[PDB]
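Colleague: Quick one: the structure is below, and I'll ask about it shortly.
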Amino acid sequence: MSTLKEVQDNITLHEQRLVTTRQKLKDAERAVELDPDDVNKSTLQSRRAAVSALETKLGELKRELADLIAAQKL
């Protein structure tokens with residue numbers, strides 16, 4: 001079993017990235033909270049953007065492994 005192992009590793013990879021990018025989001029939030037300047041606010045935007053996207057792609061990968069499992073089964 002190549003195939004299934006590698007979709008899993010890629011879910012692993014993205015969850016690790018999500019761990020870190022959520023943290024950076026908390027950092028951008030704290031910073032905007034304390035000083036709402038325009039640079040702070042665009043950093044906050046970008047981090048929100050990266051977390052939403054990783055989360056979107058993780059859903060995709062998980063969906064795709066479930067189908068790959070179901071296809072092997074059938």
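If you're wondering about the labels, chains in the structure tokens are A, B, ... by order shown, residues count from 1 in each chain, ligands from 1 in order shown.
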For residue 40 of chain A, list every protein, DNA or RNA residue within 8 Å, evaluated using only C-alpha atoms, and leave out those in the same chain fewer than 4 positions away; present the list as a VMD selection string.

Modeller: chain A and resid 28 31 to 32 35 to 36 44

Colleague: Counting only C-alpha atoms, what is within 9 Å of segment 21-26 of chain A, bar same-chain residues fewer than 6 positions away, as a VMD selection string?

Modeller: chain A and resid 43 to 44 46 to 48 50 to 51 54

Colleague: With N, CA and C atoms retained, write the just-selected residues as a CSV table (one decimal), in the first residue's frame.

Modeller:
chain,number,residue,atom,x,y,z
A,43,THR,N,-2.1,42.2,7.9
A,43,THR,CA,-1.4,40.9,8.3
A,43,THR,C,-2.5,40.0,8.8
A,44,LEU,N,-3.5,40.5,9.5
A,44,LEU,CA,-4.6,39.8,10.1
A,44,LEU,C,-5.4,39.2,9.0
A,46,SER,N,-4.3,38.5,5.8
A,46,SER,CA,-3.6,37.4,5.2
A,46,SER,C,-3.6,36.1,6.0
A,47,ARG,N,-3.5,36.2,7.3
A,47,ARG,CA,-3.5,35.0,8.2
A,47,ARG,C,-4.8,34.3,8.2
A,48,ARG,N,-5.9,35.0,8.5
A,48,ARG,CA,-7.3,34.6,8.2
A,48,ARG,C,-7.4,33.9,6.8
A,50,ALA,N,-5.0,32.4,5.0
A,50,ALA,CA,-4.2,31.1,4.9
A,50,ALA,C,-4.8,30.0,5.8
A,51,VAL,N,-5.5,30.3,6.9
A,51,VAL,CA,-6.1,29.4,7.8
A,51,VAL,C,-7.4,28.8,7.0
A,54,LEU,N,-6.2,26.5,4.3
A,54,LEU,CA,-5.7,25.2,4.7
A,54,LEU,C,-6.8,24.3,5.1

Colleague: Which is closest to residue 6 of chain A among A:73, A:64, A:41, A:52, if we use only C-alpha atoms?

Modeller: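 Of the candidates, the smallest distance to residue 6 of chain A is held by A:64.
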
Colleague: With only C-alpha atoms as the counted atoms, please give the residues lying no more than 8 Å from residue 61 of chain A, apart from itself and same-chain residues fewer than 3 positions off, as an MDAnalysis selection string.

Modeller: chainID A and resid 7 10:11 57:58 64:65

Colleague: Output C-alpha atoms for every residue in the selection just made, as a PDB file, in the first residue's frame.

Modeller:
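Output (result-v7.pdb):
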ATOM      1  CA  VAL A   7      -2.811  10.745   0.810  1.00  0.00           C
ATOM      2  CA  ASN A  10      -0.343  14.722   2.814  1.00  0.00           C
ATOM      3  CA  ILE A  11      -3.205  15.189   5.283  1.00  0.00           C
ATOM      4  CA  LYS A  57      -7.806  21.858   1.385  1.00  0.00           C
ATOM      5  CA  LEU A  58      -7.740  19.541   4.465  1.00  0.00           C
ATOM      6  CA  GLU A  64     -10.458  12.189  -1.269  1.00  0.00           C
ATOM      7  CA  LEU A  65      -8.950   9.578   1.065  1.00  0.00           C
TER       8      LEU A  65
END

Colleague: In Å, with one decimal, what is the gap from atom CA of residue 8 of chain A to atom CA of residue 20 of chain A?

Modeller: 18.9 Å

Colleague: Just give me the gap between atom CA of residue 1 of chain A and atom CA of residue 62 of chain A in Å, one decimal is fine.

Modeller: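 Here the two named atoms are 17.5 Å from each other.
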